[PDB]
file model-v2.cif (mmCIF, N, CA and C atoms)
data_entry
#
loop_
_atom_site.label_atom_id
_atom_site.label_comp_id
_atom_site.auth_asym_id
_atom_site.auth_seq_id
_atom_site.Cartn_x
_atom_site.Cartn_y
_atom_site.Cartn_z
N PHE A 296 -16.48 9.11 -40.54
CA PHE A 296 -16.50 8.71 -39.14
C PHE A 296 -16.39 7.20 -39.01
N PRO A 297 -15.81 6.71 -37.92
CA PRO A 297 -15.70 5.26 -37.74
C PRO A 297 -17.07 4.60 -37.68
N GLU A 298 -17.15 3.40 -38.25
CA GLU A 298 -18.37 2.60 -38.24
C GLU A 298 -18.22 1.54 -37.16
N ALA A 299 -18.88 1.75 -36.03
CA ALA A 299 -18.73 0.87 -34.88
C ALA A 299 -19.95 1.02 -33.99
N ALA A 300 -20.02 0.17 -32.96
CA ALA A 300 -21.13 0.24 -32.02
C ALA A 300 -20.98 1.41 -31.07
N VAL A 301 -19.75 1.75 -30.69
CA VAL A 301 -19.48 2.86 -29.78
C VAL A 301 -18.28 3.64 -30.29
N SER A 302 -18.38 4.96 -30.27
CA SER A 302 -17.29 5.84 -30.67
C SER A 302 -17.08 6.90 -29.59
N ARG A 303 -15.82 7.29 -29.40
CA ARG A 303 -15.49 8.26 -28.37
C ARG A 303 -14.45 9.24 -28.90
N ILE A 304 -14.26 10.33 -28.16
CA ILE A 304 -13.34 11.40 -28.54
C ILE A 304 -12.15 11.37 -27.61
N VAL A 305 -10.94 11.41 -28.18
CA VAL A 305 -9.70 11.38 -27.42
C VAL A 305 -8.83 12.53 -27.90
N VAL A 306 -7.98 13.03 -27.01
CA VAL A 306 -7.05 14.10 -27.33
C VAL A 306 -5.71 13.49 -27.73
N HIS A 307 -5.17 13.95 -28.85
CA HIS A 307 -3.89 13.46 -29.36
C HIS A 307 -3.26 14.61 -30.14
N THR A 308 -2.36 15.33 -29.48
CA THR A 308 -1.76 16.52 -30.09
C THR A 308 -1.00 16.15 -31.35
N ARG A 309 -1.30 16.87 -32.44
CA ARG A 309 -0.63 16.70 -33.72
C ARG A 309 -0.73 15.26 -34.23
N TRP A 310 -1.90 14.65 -34.06
CA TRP A 310 -2.08 13.28 -34.53
C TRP A 310 -2.11 13.19 -36.05
N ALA A 311 -2.46 14.28 -36.74
CA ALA A 311 -2.44 14.34 -38.20
C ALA A 311 -1.77 15.65 -38.59
N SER A 312 -0.45 15.62 -38.72
CA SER A 312 0.32 16.81 -39.03
C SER A 312 1.62 16.42 -39.71
N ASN A 313 2.19 17.38 -40.44
CA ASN A 313 3.48 17.21 -41.12
C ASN A 313 4.31 18.46 -40.85
N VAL A 314 5.04 18.45 -39.74
CA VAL A 314 5.84 19.60 -39.33
C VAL A 314 7.26 19.46 -39.87
N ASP A 315 8.00 20.57 -39.90
CA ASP A 315 9.40 20.55 -40.28
C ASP A 315 10.34 20.50 -39.08
N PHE A 316 9.93 21.06 -37.94
CA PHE A 316 10.69 21.01 -36.71
C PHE A 316 9.75 20.57 -35.59
N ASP A 317 10.23 19.67 -34.74
CA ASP A 317 9.41 19.04 -33.72
C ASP A 317 9.65 19.71 -32.37
N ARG A 318 8.58 20.20 -31.75
CA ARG A 318 8.69 20.80 -30.43
C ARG A 318 8.91 19.75 -29.35
N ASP A 319 8.48 18.51 -29.58
CA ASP A 319 8.82 17.35 -28.75
C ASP A 319 8.28 17.52 -27.33
N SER A 320 7.03 18.00 -27.23
CA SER A 320 6.29 18.00 -25.97
C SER A 320 4.81 17.78 -26.30
N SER A 321 4.39 16.52 -26.30
CA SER A 321 3.06 16.17 -26.78
C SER A 321 2.24 15.49 -25.69
N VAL A 322 0.92 15.56 -25.85
CA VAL A 322 -0.03 14.95 -24.93
C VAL A 322 -0.82 13.91 -25.70
N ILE A 323 -0.70 12.65 -25.29
CA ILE A 323 -1.38 11.53 -25.94
C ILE A 323 -2.13 10.74 -24.88
N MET A 324 -3.40 10.46 -25.14
CA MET A 324 -4.19 9.59 -24.28
C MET A 324 -4.62 8.34 -25.03
N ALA A 325 -4.74 7.25 -24.29
CA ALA A 325 -5.32 6.01 -24.80
C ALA A 325 -6.83 6.09 -24.70
N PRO A 326 -7.55 5.22 -25.41
CA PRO A 326 -9.00 5.16 -25.27
C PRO A 326 -9.40 4.87 -23.84
N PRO A 327 -10.57 5.34 -23.40
CA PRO A 327 -10.93 5.23 -21.98
C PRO A 327 -11.02 3.80 -21.46
N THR A 328 -11.01 2.80 -22.34
CA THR A 328 -11.01 1.41 -21.90
C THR A 328 -9.64 0.95 -21.43
N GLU A 329 -8.61 1.77 -21.57
CA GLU A 329 -7.27 1.47 -21.09
C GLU A 329 -6.87 2.47 -20.01
N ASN A 330 -5.98 2.04 -19.13
CA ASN A 330 -5.57 2.88 -18.01
C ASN A 330 -4.78 4.09 -18.50
N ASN A 331 -5.06 5.25 -17.89
CA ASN A 331 -4.37 6.49 -18.22
C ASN A 331 -3.79 7.16 -16.98
N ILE A 332 -3.59 6.40 -15.90
CA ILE A 332 -3.16 6.99 -14.63
C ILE A 332 -1.76 7.57 -14.73
N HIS A 333 -0.96 7.11 -15.71
CA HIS A 333 0.43 7.54 -15.78
C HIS A 333 0.55 9.01 -16.14
N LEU A 334 -0.51 9.61 -16.68
CA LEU A 334 -0.45 11.01 -17.07
C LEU A 334 -0.59 11.96 -15.89
N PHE A 335 -1.13 11.50 -14.77
CA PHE A 335 -1.41 12.36 -13.63
C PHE A 335 -0.44 12.17 -12.47
N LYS A 336 0.67 11.47 -12.69
CA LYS A 336 1.61 11.15 -11.62
C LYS A 336 3.04 11.47 -12.04
N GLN A 337 3.22 12.50 -12.86
CA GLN A 337 4.53 12.84 -13.40
C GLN A 337 5.26 13.92 -12.60
N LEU A 338 4.58 14.62 -11.70
CA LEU A 338 5.19 15.78 -11.08
C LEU A 338 5.76 15.50 -9.69
N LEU A 339 4.93 15.06 -8.75
CA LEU A 339 5.34 14.92 -7.37
C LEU A 339 4.99 13.56 -6.78
N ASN A 340 4.76 12.56 -7.62
CA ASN A 340 4.46 11.21 -7.14
C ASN A 340 5.74 10.39 -7.04
N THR A 341 6.72 10.95 -6.34
CA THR A 341 7.99 10.28 -6.11
C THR A 341 7.97 9.35 -4.91
N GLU A 342 6.87 9.33 -4.15
CA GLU A 342 6.72 8.46 -2.99
C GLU A 342 5.64 7.42 -3.19
N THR A 343 5.04 7.34 -4.37
CA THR A 343 3.97 6.39 -4.64
C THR A 343 4.57 5.03 -4.97
N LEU A 344 4.42 4.08 -4.04
CA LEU A 344 4.97 2.75 -4.26
C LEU A 344 4.26 2.04 -5.41
N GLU B 51 -2.94 -3.90 -0.09
CA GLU B 51 -2.38 -2.57 0.06
C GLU B 51 -0.86 -2.63 0.07
N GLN B 52 -0.24 -1.70 -0.66
CA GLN B 52 1.22 -1.59 -0.74
C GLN B 52 1.59 -0.18 -0.30
N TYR B 53 1.78 0.01 1.00
CA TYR B 53 2.10 1.31 1.58
C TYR B 53 3.50 1.27 2.15
N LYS B 54 4.33 2.23 1.76
CA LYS B 54 5.67 2.39 2.31
C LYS B 54 5.68 3.64 3.18
N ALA B 55 5.81 3.45 4.49
CA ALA B 55 5.69 4.53 5.45
C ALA B 55 6.96 5.36 5.49
N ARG B 56 6.80 6.68 5.55
CA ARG B 56 7.91 7.61 5.71
C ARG B 56 7.58 8.53 6.87
N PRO B 57 8.40 8.58 7.94
CA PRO B 57 9.65 7.85 8.15
C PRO B 57 9.46 6.34 8.31
N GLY B 58 10.50 5.57 7.99
CA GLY B 58 10.40 4.13 8.05
C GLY B 58 10.26 3.62 9.47
N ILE B 59 9.54 2.50 9.60
CA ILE B 59 9.32 1.91 10.92
C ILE B 59 10.63 1.44 11.53
N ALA B 60 11.48 0.80 10.71
CA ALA B 60 12.73 0.26 11.22
C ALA B 60 13.64 1.36 11.74
N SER B 61 13.76 2.46 10.99
CA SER B 61 14.66 3.53 11.40
C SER B 61 14.21 4.17 12.70
N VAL B 62 12.91 4.40 12.85
CA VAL B 62 12.39 5.01 14.07
C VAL B 62 12.57 4.06 15.25
N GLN B 63 12.32 2.77 15.04
CA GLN B 63 12.42 1.81 16.14
C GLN B 63 13.84 1.73 16.69
N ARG B 64 14.84 1.79 15.81
CA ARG B 64 16.22 1.71 16.27
C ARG B 64 16.58 2.88 17.17
N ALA B 65 16.12 4.08 16.80
CA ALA B 65 16.45 5.27 17.59
C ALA B 65 15.79 5.23 18.97
N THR B 66 14.55 4.75 19.04
CA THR B 66 13.84 4.75 20.32
C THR B 66 14.46 3.75 21.30
N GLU B 67 15.08 2.69 20.78
CA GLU B 67 15.72 1.72 21.66
C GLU B 67 16.85 2.36 22.46
N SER B 68 17.63 3.24 21.82
CA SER B 68 18.70 3.92 22.53
C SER B 68 18.15 4.84 23.62
N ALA B 69 17.03 5.51 23.34
CA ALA B 69 16.45 6.39 24.34
C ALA B 69 15.78 5.60 25.46
N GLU B 70 15.42 4.34 25.19
CA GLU B 70 14.82 3.50 26.22
C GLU B 70 15.81 3.18 27.33
N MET B 71 17.10 3.34 27.08
CA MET B 71 18.11 2.91 28.03
C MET B 71 18.00 3.69 29.33
N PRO B 72 17.87 3.03 30.47
CA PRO B 72 17.94 3.73 31.75
C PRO B 72 19.37 4.19 32.03
N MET B 73 19.48 5.20 32.89
CA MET B 73 20.77 5.76 33.21
C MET B 73 21.62 4.77 34.00
N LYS B 74 22.93 4.93 33.90
CA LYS B 74 23.85 4.05 34.60
C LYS B 74 23.80 4.33 36.10
N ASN B 75 24.34 3.38 36.87
CA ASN B 75 24.34 3.45 38.33
C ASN B 75 25.68 4.04 38.75
N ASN B 76 25.63 5.15 39.48
CA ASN B 76 26.84 5.80 40.00
C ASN B 76 26.93 5.49 41.49
N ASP B 77 27.53 4.35 41.82
CA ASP B 77 27.65 3.90 43.20
C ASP B 77 29.02 4.19 43.80
N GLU B 78 29.86 4.96 43.12
CA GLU B 78 31.18 5.28 43.65
C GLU B 78 31.05 6.14 44.89
N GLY B 79 31.88 5.86 45.89
CA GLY B 79 31.89 6.60 47.13
C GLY B 79 30.93 6.10 48.19
N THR B 80 30.11 5.12 47.88
CA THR B 80 29.19 4.52 48.83
C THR B 80 29.84 3.33 49.52
N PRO B 81 29.40 2.97 50.72
CA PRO B 81 29.98 1.81 51.40
C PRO B 81 29.60 0.51 50.70
N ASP B 82 30.11 -0.59 51.25
CA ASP B 82 29.90 -1.91 50.69
C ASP B 82 29.30 -2.81 51.75
N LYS B 83 29.30 -4.11 51.44
CA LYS B 83 28.65 -5.09 52.31
C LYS B 83 29.27 -5.09 53.69
N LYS B 84 30.60 -4.99 53.77
CA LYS B 84 31.31 -4.94 55.04
C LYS B 84 31.44 -3.53 55.60
N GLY B 85 31.14 -2.50 54.82
CA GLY B 85 31.25 -1.14 55.28
C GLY B 85 32.41 -0.34 54.73
N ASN B 86 33.13 -0.87 53.75
CA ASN B 86 34.21 -0.14 53.10
C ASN B 86 33.67 0.62 51.90
N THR B 87 34.16 1.84 51.69
CA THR B 87 33.71 2.63 50.56
C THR B 87 34.16 1.99 49.25
N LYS B 88 33.31 2.07 48.23
CA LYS B 88 33.58 1.48 46.93
C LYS B 88 34.12 2.54 45.99
N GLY B 89 35.23 2.24 45.35
CA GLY B 89 35.84 3.15 44.40
C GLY B 89 37.35 3.02 44.44
N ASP B 90 38.00 3.95 43.75
CA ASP B 90 39.45 4.00 43.67
C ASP B 90 39.98 5.26 44.36
N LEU B 91 41.29 5.26 44.62
CA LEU B 91 41.93 6.33 45.38
C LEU B 91 42.44 7.40 44.42
N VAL B 92 41.52 8.27 44.01
CA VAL B 92 41.82 9.40 43.14
C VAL B 92 41.31 10.67 43.80
N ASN B 93 42.02 11.77 43.56
CA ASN B 93 41.66 13.04 44.18
C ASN B 93 40.25 13.47 43.76
N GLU B 94 39.57 14.17 44.67
CA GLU B 94 38.17 14.53 44.44
C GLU B 94 38.01 15.39 43.20
N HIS B 95 38.85 16.42 43.05
CA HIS B 95 38.75 17.30 41.89
C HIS B 95 39.27 16.62 40.63
N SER B 96 40.39 15.90 40.75
CA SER B 96 40.97 15.24 39.58
C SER B 96 40.02 14.19 39.01
N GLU B 97 39.19 13.60 39.86
CA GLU B 97 38.21 12.63 39.37
C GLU B 97 37.21 13.29 38.43
N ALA B 98 36.76 14.50 38.76
CA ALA B 98 35.80 15.20 37.91
C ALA B 98 36.43 15.56 36.57
N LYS B 99 37.68 16.02 36.58
CA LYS B 99 38.36 16.34 35.32
C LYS B 99 38.53 15.10 34.46
#

call {"tool": "encode", "arguments": {"input": "model-v2.cif", "output": "structure tokens"}}
result
Amino acid sequence: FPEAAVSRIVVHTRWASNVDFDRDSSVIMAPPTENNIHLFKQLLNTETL
Amino acid sequence: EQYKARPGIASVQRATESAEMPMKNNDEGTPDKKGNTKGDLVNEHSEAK
């Protein structure tokens, strides 16, 4: 486990894998100290300035 | 705040200006300052056509 003052859990599909064919549809998040708003505005946020 | 209004303010304002226009004055066939009727010598029915 990481040796640090604070540790957190993040989702990262196939972050440690060795596949032969890539499905090429993955979900990656940054640590909560960085903005992740771009993941929730991919479908119908075509009017968000 | 960065808000882009839909419908746009400019587009709506332009349309309402045209509807603001009062109707034209139809003074044909009425007398004048001296008492002569105002208009041209065209047949009553042919004028409508």

call {"tool": "closest_atom_pairs", "arguments": {"input": "model-v2.cif", "of": "chain A", "to": "chain B", "cutoff": "8 Å", "atoms": "all atoms listed in the file", "output": "JSON lines"}}
result
{"residue": "A:342", "atom": "C", "partner": "B:54", "partner_atom": "N", "distance": 7.3}
{"residue": "A:343", "atom": "C", "partner": "B:54", "partner_atom": "N", "distance": 7.3}
{"residue": "A:344", "atom": "CA", "partner": "B:52", "partner_atom": "C", "distance": 6.0}

call {"tool": "atom_distance", "arguments": {"input": "model-v2.cif", "atom1": "atom CA of residue A:329", "atom2": "atom N of residue A:301"}}
result
15.7 Å

call {"tool": "atom_distance", "arguments": {"input": "model-v2.cif", "atom1": "atom CA of residue A:310", "atom2": "atom CA of residue A:333"}}
result
19.8 Å

call {"tool": "atom_distance", "arguments": {"input": "model-v2.cif", "atom1": "atom CA of residue A:337", "atom2": "atom CA of residue A:314"}}
result
26.8 Å

call {"tool": "residues_around", "arguments": {"input": "model-v2.cif", "residues": "stretch 90-92 of chain B", "least_positions_apart": "5", "cutoff": "7 Å", "atoms": "only N, CA and C atoms", "output": "MDAnalysis selection string"}}
result
chainID B and resid 78:79 97

call {"tool": "write_last_selection", "arguments": {"input": "model-v2.cif", "atoms": "N, CA and C atoms", "output": "PDB file, keeping the file's coordinate frame"}}
result
ATOM      1  N   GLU B  78      29.860   4.960  43.120  1.00  0.00           N
ATOM      2  CA  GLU B  78      31.180   5.280  43.650  1.00  0.00           C
ATOM      3  C   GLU B  78      31.050   6.140  44.890  1.00  0.00           C
ATOM      4  N   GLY B  79      31.880   5.860  45.890  1.00  0.00           N
ATOM      5  CA  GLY B  79      31.890   6.600  47.130  1.00  0.00           C
ATOM      6  C   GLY B  79      30.930   6.100  48.190  1.00  0.00           C
ATOM      7  N   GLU B  97      39.190  13.600  39.860  1.00  0.00           N
ATOM      8  CA  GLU B  97      38.210  12.630  39.370  1.00  0.00           C
ATOM      9  C   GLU B  97      37.210  13.290  38.430  1.00  0.00           C
TER      10      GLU B  97
END

call {"tool": "axis_aligned_box", "arguments": {"input": "model-v2.cif", "around": "stretch 327-339 of chain A", "padding_each_side": "6 Å", "output": "lines of an AutoDock Vina configuration file"}}
result
center_x = -2.6
center_y = 8.4
center_z = -15.1
size_x = 28.8
size_y = 26.8
size_z = 28.6

call {"tool": "build_atoms", "arguments": {"input": "model-v2.cif", "residues": "stretch 323-341 of chain A", "atoms": "N, CA, C and O atoms", "output": "PDB file, in the frame of the given file"}}
result
ATOM      1  N   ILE A 323      -0.700  12.650 -25.290  1.00  0.00           N
ATOM      2  CA  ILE A 323      -1.380  11.530 -25.940  1.00  0.00           C
ATOM      3  C   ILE A 323      -2.130  10.740 -24.880  1.00  0.00           C
ATOM      4  O   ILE A 323      -1.554  10.397 -23.838  1.00  0.00           O
ATOM      5  N   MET A 324      -3.400  10.460 -25.140  1.00  0.00           N
ATOM      6  CA  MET A 324      -4.190   9.590 -24.280  1.00  0.00           C
ATOM      7  C   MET A 324      -4.620   8.340 -25.030  1.00  0.00           C
ATOM      8  O   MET A 324      -4.834   8.357 -26.249  1.00  0.00           O
ATOM      9  N   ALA A 325      -4.740   7.250 -24.290  1.00  0.00           N
ATOM     10  CA  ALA A 325      -5.320   6.010 -24.800  1.00  0.00           C
ATOM     11  C   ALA A 325      -6.830   6.090 -24.700  1.00  0.00           C
ATOM     12  O   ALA A 325      -7.383   6.932 -23.994  1.00  0.00           O
ATOM     13  N   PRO A 326      -7.550   5.220 -25.410  1.00  0.00           N
ATOM     14  CA  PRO A 326      -9.000   5.160 -25.270  1.00  0.00           C
ATOM     15  C   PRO A 326      -9.400   4.870 -23.840  1.00  0.00           C
ATOM     16  O   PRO A 326      -8.651   4.211 -23.103  1.00  0.00           O
ATOM     17  N   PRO A 327     -10.570   5.340 -23.400  1.00  0.00           N
ATOM     18  CA  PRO A 327     -10.930   5.230 -21.980  1.00  0.00           C
ATOM     19  C   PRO A 327     -11.020   3.800 -21.460  1.00  0.00           C
ATOM     20  O   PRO A 327     -11.095   3.616 -20.244  1.00  0.00           O
ATOM     21  N   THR A 328     -11.010   2.800 -22.340  1.00  0.00           N
ATOM     22  CA  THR A 328     -11.010   1.410 -21.900  1.00  0.00           C
ATOM     23  C   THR A 328      -9.640   0.950 -21.430  1.00  0.00           C
ATOM     24  O   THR A 328      -9.520  -0.174 -20.920  1.00  0.00           O
ATOM     25  N   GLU A 329      -8.610   1.770 -21.570  1.00  0.00           N
ATOM     26  CA  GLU A 329      -7.270   1.470 -21.090  1.00  0.00           C
ATOM     27  C   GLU A 329      -6.870   2.470 -20.010  1.00  0.00           C
ATOM     28  O   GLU A 329      -7.367   3.598 -19.984  1.00  0.00           O
ATOM     29  N   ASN A 330      -5.980   2.040 -19.130  1.00  0.00           N
ATOM     30  CA  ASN A 330      -5.570   2.880 -18.010  1.00  0.00           C
ATOM     31  C   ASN A 330      -4.780   4.090 -18.500  1.00  0.00           C
ATOM     32  O   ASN A 330      -3.943   3.984 -19.395  1.00  0.00           O
ATOM     33  N   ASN A 331      -5.060   5.250 -17.890  1.00  0.00           N
ATOM     34  CA  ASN A 331      -4.370   6.490 -18.220  1.00  0.00           C
ATOM     35  C   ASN A 331      -3.790   7.160 -16.980  1.00  0.00           C
ATOM     36  O   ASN A 331      -3.514   8.360 -17.003  1.00  0.00           O
ATOM     37  N   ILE A 332      -3.590   6.400 -15.900  1.00  0.00           N
ATOM     38  CA  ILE A 332      -3.160   6.990 -14.630  1.00  0.00           C
ATOM     39  C   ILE A 332      -1.760   7.570 -14.730  1.00  0.00           C
ATOM     40  O   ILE A 332      -1.373   8.433 -13.936  1.00  0.00           O
ATOM     41  N   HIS A 333      -0.960   7.110 -15.710  1.00  0.00           N
ATOM     42  CA  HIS A 333       0.430   7.540 -15.780  1.00  0.00           C
ATOM     43  C   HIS A 333       0.550   9.010 -16.140  1.00  0.00           C
ATOM     44  O   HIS A 333       1.608   9.618 -15.928  1.00  0.00           O
ATOM     45  N   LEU A 334      -0.510   9.610 -16.680  1.00  0.00           N
ATOM     46  CA  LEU A 334      -0.450  11.010 -17.070  1.00  0.00           C
ATOM     47  C   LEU A 334      -0.590  11.960 -15.890  1.00  0.00           C
ATOM     48  O   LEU A 334      -0.190  13.127 -15.999  1.00  0.00           O
ATOM     49  N   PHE A 335      -1.130  11.500 -14.770  1.00  0.00           N
ATOM     50  CA  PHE A 335      -1.410  12.360 -13.630  1.00  0.00           C
ATOM     51  C   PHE A 335      -0.440  12.170 -12.470  1.00  0.00           C
ATOM     52  O   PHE A 335      -0.700  12.658 -11.372  1.00  0.00           O
ATOM     53  N   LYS A 336       0.670  11.470 -12.690  1.00  0.00           N
ATOM     54  CA  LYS A 336       1.610  11.150 -11.620  1.00  0.00           C
ATOM     55  C   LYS A 336       3.040  11.470 -12.040  1.00  0.00           C
ATOM     56  O   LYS A 336       3.993  10.811 -11.614  1.00  0.00           O
ATOM     57  N   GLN A 337       3.220  12.500 -12.860  1.00  0.00           N
ATOM     58  CA  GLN A 337       4.530  12.840 -13.400  1.00  0.00           C
ATOM     59  C   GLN A 337       5.260  13.920 -12.600  1.00  0.00           C
ATOM     60  O   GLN A 337       6.456  14.109 -12.814  1.00  0.00           O
ATOM     61  N   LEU A 338       4.580  14.620 -11.700  1.00  0.00           N
ATOM     62  CA  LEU A 338       5.190  15.780 -11.080  1.00  0.00           C
ATOM     63  C   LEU A 338       5.760  15.500  -9.690  1.00  0.00           C
ATOM     64  O   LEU A 338       6.968  15.662  -9.476  1.00  0.00           O
ATOM     65  N   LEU A 339       4.930  15.060  -8.750  1.00  0.00           N
ATOM     66  CA  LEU A 339       5.340  14.920  -7.370  1.00  0.00           C
ATOM     67  C   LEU A 339       4.990  13.560  -6.780  1.00  0.00           C
ATOM     68  O   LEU A 339       4.940  13.417  -5.554  1.00  0.00           O
ATOM     69  N   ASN A 340       4.760  12.560  -7.620  1.00  0.00           N
ATOM     70  CA  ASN A 340       4.460  11.210  -7.140  1.00  0.00           C
ATOM     71  C   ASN A 340       5.740  10.390  -7.040  1.00  0.00           C
ATOM     72  O   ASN A 340       5.855   9.281  -7.565  1.00  0.00           O
ATOM     73  N   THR A 341       6.720  10.950  -6.340  1.00  0.00           N
ATOM     74  CA  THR A 341       7.990  10.280  -6.110  1.00  0.00           C
ATOM     75  C   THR A 341       7.970   9.350  -4.910  1.00  0.00           C
ATOM     76  O   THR A 341       8.949   8.647  -4.660  1.00  0.00           O
TER      77      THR A 341
END
